[PDB]
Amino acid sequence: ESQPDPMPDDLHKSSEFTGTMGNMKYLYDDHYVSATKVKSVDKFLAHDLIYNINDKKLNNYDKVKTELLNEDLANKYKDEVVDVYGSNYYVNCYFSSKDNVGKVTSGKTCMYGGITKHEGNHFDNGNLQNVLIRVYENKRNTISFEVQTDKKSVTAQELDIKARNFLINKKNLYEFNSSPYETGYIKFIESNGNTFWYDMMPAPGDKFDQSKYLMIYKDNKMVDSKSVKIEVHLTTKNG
């Protein structure tokens, strides 16, 4: 039922990415859209939902569009009061068919998934759940830290974003020019036996497409915060 671990050549090597690593760092360093108790107002294409989410701090947007895997997954959340959490982008972000290619977008932002039902998804006493992350550097458990969440069923996105944010500060996961690591993947292990992973490095080439990379969250995958296990496996550029 689950997805097997990555083989040597299934992973992206950072040395084969000749572009700016700061484009990857931008997506995980204190960067996220967070909304509370909202309902869908409109749709652009059949598989997406548009929301009226305003940026409090920077005020870079007042409307958010999130793409889902298909029409079915979108219509499931169309008229639901939900909470939103995910990594947004502006380059090649379209809300209408009259938008040209290369659009940088003004007060609107785009993202994938990051949707959870509001009703019945929070802890009884208004507490926060601690999720433990185990970090492996060259098959050696160097450090372990905890991220928090107010959700019982949380998207894999929220946990991954919070895990990378910490790693950028503590271990310099992503820097402007490059990365101290050659390969890296975040693996999720559910209490129902299901496992899956995400490639933490950008595809080979001199260009980085943010909207193409964030498609890994399109499926809106969720995990039980109390029982899920998370492992980050990294390998240094040296040895």
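Counting begins at 1, following the sequence as shown.
* **Average Cα temperature factor in the PDB entry - higher stretch of 67-75, 92-100** => According to the PDB entry, the answer is 92-100.
* Asked: When the C-alpha temperature factors are averaged for each of 182-190 and 35-43, which stretch ends up with the higher value in the entry?
  -> According to the entry, 35-43 carries the higher average C-alpha B-factor.
* Sort 119, 160, 146, 150 by C-alpha B-factor from the entry and give me just the highest. => Each of 119, 160, 146, 150 was compared by C-alpha B-factor; the highest is 119.
* Asked: Based on what the PDB entry reports, which of 29, 62, 199, 48 has the top C-alpha B-factor?
  -> When the deposited C-alpha B-factors of 29, 62, 199, 48 are compared, 62 is largest.
* residue 174 - Cα temperature factor, lowest/middle/highest third of chain -> Within its chain, residue 174 is a lowest-third residue by C-alpha B-factor, going by the deposited values.
* Please place residue 85 in the lowest, middle or highest third of its chain by C-alpha B factor as given in the entry. => It belongs to the lowest third of the chain when residues are ordered by C-alpha B-factor.
* Could you look up the Cα B-factor of residue 23 in the entry and say which third of the chain it sits in: lowest, middle or highest? => Its C-alpha B-factor belongs to the middle third of this chain's values.
* Asked: With respect to C-alpha B-factor, does residue 10 fall in the lowest, middle or highest third of the chain as deposited?
  -> As the PDB entry reports it, the C-alpha B-factor of residue 10 lands in the middle third of its chain.
* Once the chain's modelled residues are ordered by C-alpha B factor and cut into thirds, is residue 52 in the lowest, middle or highest one? -> It falls in the top third of the chain.
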